[PDB]
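> Sharing a structure here in structure tokens format.
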Amino acid sequence: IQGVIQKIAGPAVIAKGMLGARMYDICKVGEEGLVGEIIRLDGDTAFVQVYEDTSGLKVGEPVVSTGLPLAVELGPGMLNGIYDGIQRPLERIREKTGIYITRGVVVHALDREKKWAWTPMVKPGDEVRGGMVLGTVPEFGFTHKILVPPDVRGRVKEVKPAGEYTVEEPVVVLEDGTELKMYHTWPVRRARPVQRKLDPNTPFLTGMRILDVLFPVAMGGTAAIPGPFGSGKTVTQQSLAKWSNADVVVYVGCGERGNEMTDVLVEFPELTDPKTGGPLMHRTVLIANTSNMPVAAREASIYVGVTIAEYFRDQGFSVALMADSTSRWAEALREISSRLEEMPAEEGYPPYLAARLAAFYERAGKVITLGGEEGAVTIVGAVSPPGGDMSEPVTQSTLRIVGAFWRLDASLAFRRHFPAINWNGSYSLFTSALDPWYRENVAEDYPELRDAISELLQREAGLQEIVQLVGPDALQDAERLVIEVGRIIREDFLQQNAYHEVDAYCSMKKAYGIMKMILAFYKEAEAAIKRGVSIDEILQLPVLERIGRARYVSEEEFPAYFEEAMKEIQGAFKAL
Amino acid sequence: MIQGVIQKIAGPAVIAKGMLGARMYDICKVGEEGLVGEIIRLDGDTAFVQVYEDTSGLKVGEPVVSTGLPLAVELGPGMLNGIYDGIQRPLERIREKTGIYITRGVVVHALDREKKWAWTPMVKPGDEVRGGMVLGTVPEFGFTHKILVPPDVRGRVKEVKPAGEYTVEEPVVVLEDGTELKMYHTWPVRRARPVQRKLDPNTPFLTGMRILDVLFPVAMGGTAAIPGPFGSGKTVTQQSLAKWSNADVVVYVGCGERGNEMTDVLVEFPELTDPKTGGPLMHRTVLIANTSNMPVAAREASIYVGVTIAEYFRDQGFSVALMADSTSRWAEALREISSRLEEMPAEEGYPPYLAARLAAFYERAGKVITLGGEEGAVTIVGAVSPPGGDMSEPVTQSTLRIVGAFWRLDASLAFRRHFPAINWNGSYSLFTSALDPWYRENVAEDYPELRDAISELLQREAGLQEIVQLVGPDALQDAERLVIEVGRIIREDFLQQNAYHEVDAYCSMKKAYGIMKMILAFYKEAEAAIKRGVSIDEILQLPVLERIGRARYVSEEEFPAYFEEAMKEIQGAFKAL
Amino acid sequence: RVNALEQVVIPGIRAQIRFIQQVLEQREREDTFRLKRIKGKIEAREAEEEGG
Amino acid sequence: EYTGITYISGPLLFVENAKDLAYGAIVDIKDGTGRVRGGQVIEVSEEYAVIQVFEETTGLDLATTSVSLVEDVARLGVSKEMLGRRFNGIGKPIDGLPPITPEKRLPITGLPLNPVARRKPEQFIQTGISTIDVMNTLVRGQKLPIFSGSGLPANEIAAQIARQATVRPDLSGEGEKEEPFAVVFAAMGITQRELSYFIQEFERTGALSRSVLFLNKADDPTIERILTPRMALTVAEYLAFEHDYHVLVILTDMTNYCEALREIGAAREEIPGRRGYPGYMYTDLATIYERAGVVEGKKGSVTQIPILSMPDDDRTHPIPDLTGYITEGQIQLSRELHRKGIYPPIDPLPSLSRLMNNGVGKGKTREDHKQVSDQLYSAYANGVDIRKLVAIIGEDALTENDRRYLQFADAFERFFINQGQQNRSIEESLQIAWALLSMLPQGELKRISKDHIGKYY
């Protein structure tokens, strides 16, 4: 529609000449076309929430509106594609405006000026299934299946041969009418239909032993990493997605730092995938917002990504979404709800915070689509408070929605080891329900190991304090034996690198064997003090060193290295 | 007749238009259903109603009928066993008509006009009558009921019918002043029955709690709070406080009492003994309790029903017990009503007018001589509730603007299943020296003396408790540990008054004074015993410790057999040892 | 000291900030509610120039 | 009734005049994009009625729009065919099962209940957790909230007791062939994981065998979470009294209740706050938890079992505080035993129940149930007490007459409190509770009668 500005208070604009306006409608206020959005109408005028700040805008101008509700854009070009929280490409902004950004910028949301490949995976006279088959685009990532959106099962006519076609160019049209192009529009505030929501049963690799093998959340979890970034914690976040079994990674922040957040972007093409063997950048979607970015950019942040992962899901890809700075997301919302009638009433935050918080996790997880394909939307909830109070809205709300805290502590970080997971200050409520499927698919005694072995560390935590104040030397062999076994798990097993290639990428068939041997050494060590054996002898065994060499080898040498290492233990307490 | 209709509806409130000629506070039937509200705020000609019953199925435009006569409660014979609830109806009857569930919009008369009772004249024609005086007796159960002349009514007498049963709305005494003075009479809820001269209490109040009364009493006419944090003892101590009473009438207002509590309450009363008819305690109780299922304002109204009934019995010359259960009721009422009627809240959701009616309700209470010239007393025991769990809350600071007696129930004592839970560091009373005349006159001379002699014990226990938790008292000397284990028995067998054992459910002055001399003995002997080099260690093994412990293994009405008996062995068989 | 600290002291010195906080915070409901009604007056006044 | 949109807020908005609208009404409101939704009408006015938006107001035009009265108050039907079917999401069962065919359309708002048509408990509920049912006394006359911790999850406990309650053959003098062992489960907020948690746990209770399992689906709009509480309730009252079957409504996290409720009062200006939670909270919870005792006349009854976490141990915040007051006593599980590896971890020392000699007594449970109640309570107490004072002076704080109460805090521990998920019988419980009471001197017992010392030693 088309209307006229009446007021300008703040960044927000209010303008009459609106009538028959939709809710969450496309608004480009003024003759400057600032990216805005129609919201809550009032009278013959409307309230307009303009993301970009206004300061050149005068009242009484024309306001062009599309008259169609804002939707997320889904097409090719997204894999190996830089975008922000409004979803414009931040580098074609750099070329068309320069280093600096001058507001009222509108460009296409996807790379639509490229000629993208095509292959028809359907033909005319056949019927399509929603959420699946239309045609694929070969790319230099893997593939990208450009599929028709849900509830479109009709007959197709005119499917054109494999070649190169622009996103806006057609390759297919329907027999029953209603035309379609490679770009697809899906609603920002709605999620796609499913057939079952499944149960999680395929473990979610993270490529570092301790992280997933000890505390799994499997594929379709919801996790969290607390405490602010800058404690070397960012080590964890990059390497996570990097090693982890998937085929697409989506990285997203909102209210994240200055220059520290631009180190991440340039170092992102310098991260390298293990599967493809080339950069992670090939198969990564960015929609990050910095903090110079518009008001509601950060506030819309979340929702985008969610949707976008569901696209890749329907295709039959595994996605890995990384929700950085969940805590700072709330900043914007507070600001917006203040200037309206959604005023604070909880505790220093609006009470609609909890509502907008939930849905982000609710509408993600490992589920099966209409297209019949599987994929997961594992979320790892970096809250990152400045300190966090349990009587702060942010903390006591999140705490409930996620099932895991994969807590790292500061003491543990100074020690320069990743995994740095502080086991006593971590938990994951999943474990229970994951034991059936673990031994089904993975291996026999794998669950049996994990739950059993954790106790070492437990029965060490309270032990060391001030009871063993000078080591044990006045203590019994009972209590001595715990810290002999304690030595190998915390200097070999807890430690691992992420900047050596021999142990940055691990897998099950490697981790399992490591973990078995360290049980079997508690089992022959505690039996040693009933035979009459001192720890002096234990401290000179080549076995301790063999545990250290089983991670200074990779997964390929593991078979041979497992033979020798295993049988060595059995013949190194039958010598004692 | 005030004939509006509706204008807006705002939750359980309703606002109305067409309302002209409407006075502030009346009978307000809303919609055609007639739910019974109240006209509170009057802006313009748009009269804010506040409905005591739910507004599900109440449309706008429905005719609103208002009497223009004040809301009054029905007062007359048939009051005892009877129900007047929080909404002006008798539940006994509601139970039968409306079936298993109660269906809103139903109303009947508060006082059953189907009742009949005999009339004994005490007046004749050519008498001169004044407000509040007696016209006749009526025998209703073990109680005597009088027919109080309505206050502010005077004039001569035309006739007085001869004895016999009549319907309780027919005129029994026709005045020669052109008023057929009907058997029942209304008296508005706000309005309170006069008084000729105001007096102060001086008769004690026993309730069947040993330590409770003995350390911090309340007079017969007095008032006290019971603040109980975290859903502890408070809630059913009130049931155990109304379980037994010294007062003649028992008026129990649960003020929108939770339905799961009212369960055990209601059914217990027929099985409780009555000490003037040997049967159901219902022959001396009246339920002004209302259901919690109903909205907020049915729990405000309920308190104002109660008191004008209390007064009616106090004006006939009887000791009246009033027990408001939970100030969590009252708080919630005003908390929510404030939003509805577009009032401006002053602090923390509570309206500016919070201690307004609250104060005055407490005020009315007291032993006083009426304009009828009889002497009754309204005795109050409200149970205070902090919603937040501290007394810093506005609703609880207000309940501490009043004086007299206080009590403090703590979460921590309550766990140990020693109810009543009372703190010597947390209460005060001003009925200690007001009751001292009637103590050394009826009770005993050495009762103003013996009470002081228990207090000192537990005075020193506060001071020393501190020291105990910082360093054990085993490190400390003998005489430190002395009074500590005097103290044990002051809790083990004297702060545990079992509401499941009936020889602790009974308590009276004889069981009071009694066990007070038991304790006395032990104190004066042990202090001398240990100055002969004995240690409190050995004495715990001596039979003397057990012996004082007999207070819940001994009867109420076989008690003077075991009192004196064991008493002697204390001064006997411990100075031999 | 250890024993003592983990009970009375430490979470007690916590609950003090917490109790404080919450009451400071809740006070500011009345602020906003009053400020609301203030707004209502202001607009109501400029709405008698252009109507009733 | 006139359509007239001249203000949009969060979940409430302008609708011009009113003529057939009432409080509690179901209206249907067409967005005009082919999407339709419902709502409740609150604040009914001949000026601007405001309609409670059920799901996104997106696509909402000012063009082709309608408000249409569907029912005048809230109602929805309840068939006799309810038991043994899973009712995932609101109304209709969506899990592959065909539609609900209702027989009696009555309200689901709630109907009042006479308080003189309520009778005291006379039946004991046998629950498979020894601990709780002895001291706390599980009966059909009390509503015991389960308070969990943070790292003690609410979910583990909730699954457990679902199936683990059974009703006596004659130890209560009430047949087991007069009622079934059937249950109803409510959701007042369940999320993604929590739903996937109760999956497997439902199938073992007998999800489609005999139970009625209302669920919010866990992806469905906020508002729904405040609909299913009182539905679960009213629905059950029908089948409960009239058909005479006993059911226990296993309600989970009231957290998500407050949460969702609070939003609404934040645009209609009832201004929620007490500590940042609705100050109108109790008001709504009144009807919802009202039916949770026993009626007179009709058999079978309805009993509430609230299940909710604590954000902090502290009972200051209204999440446990107000809930406390409402309900009849409490039972906490603390974190004091969670920390040690105990499962189920129940700590009775901060726990205090409303009734403990009602619904129990000689022949209404067991003759020594009533006796062994108070006994277990003061016995543990005097154990845990010592472990305080030991640090404070020396490395001890005990004699030899303390040392026996000492071992009872170990004895009550991993033997009794722990049990896994194994179903203990009311016999097995108190029976063996007298093998741990052999370690205390019988001449130092003062919370149990002597004639019972001679029955079981």
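Every residue gets a Cβ built from N, Cα and C, even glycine.
What Swiss-Prot records for this protein is below:
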BINDING   B:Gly228, B:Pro229, B:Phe230, B:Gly231, B:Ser232, B:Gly233, B:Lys234, B:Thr235  ATP binding site
> If you count Cβ atoms within 10 Å of the Cβ of B:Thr235 (ATP binding site), leaving out that atom itself, what do you get?
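Total other Cβ atoms inside 10 Å, all chains included: 22.
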> Name, in order along the sequence, the binding-site residues among B:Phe230, B:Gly231, B:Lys234 with a Cβ closer than 8 Å to any chain D Cβ.
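Near chain D: B:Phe230, B:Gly231.
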> What is the Cβ neighbour count of B:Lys234 (ATP binding site) at a 10 Å cut-off, with all protein chains included?
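That number is 24.
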> For B:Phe230 (ATP binding site), what residues in its own chain, 6 or more apart in sequence, show a Cβ-Cβ distance under 8 Å?
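Result: B:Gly389, B:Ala411.
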> Below 8 Å Cβ to Cβ and six or more residues apart, same chain only. Which residues does that give for B:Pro229 (ATP binding site)?
B:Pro386, B:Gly389, B:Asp390, B:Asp410, B:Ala411
> Helix, strand or coil: which one is B:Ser232 (ATP binding site) in, per DSSP?
coil
> Quick one: give me the count of other CB atoms within 10 A of the CB of B:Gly233 (ATP binding site).
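Looking across every protein chain shown, the total is 26.
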> In sequence order, what residues of the same chain, 6+ apart, have a Cβ less than 8 Å from the Cβ of B:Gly231 (ATP binding site)?
none
> Once near-sequence residues are set aside, which residues in the chain of B:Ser232 (ATP binding site), 6 or more away, have Cβ atoms under 8 Å from its Cβ?
B:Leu409, B:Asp410, B:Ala411, B:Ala414, B:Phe415, B:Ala421
> If you draw a 10 Å sphere on the Cβ of B:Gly228 (ATP binding site), how many other Cβ atoms land inside?
24
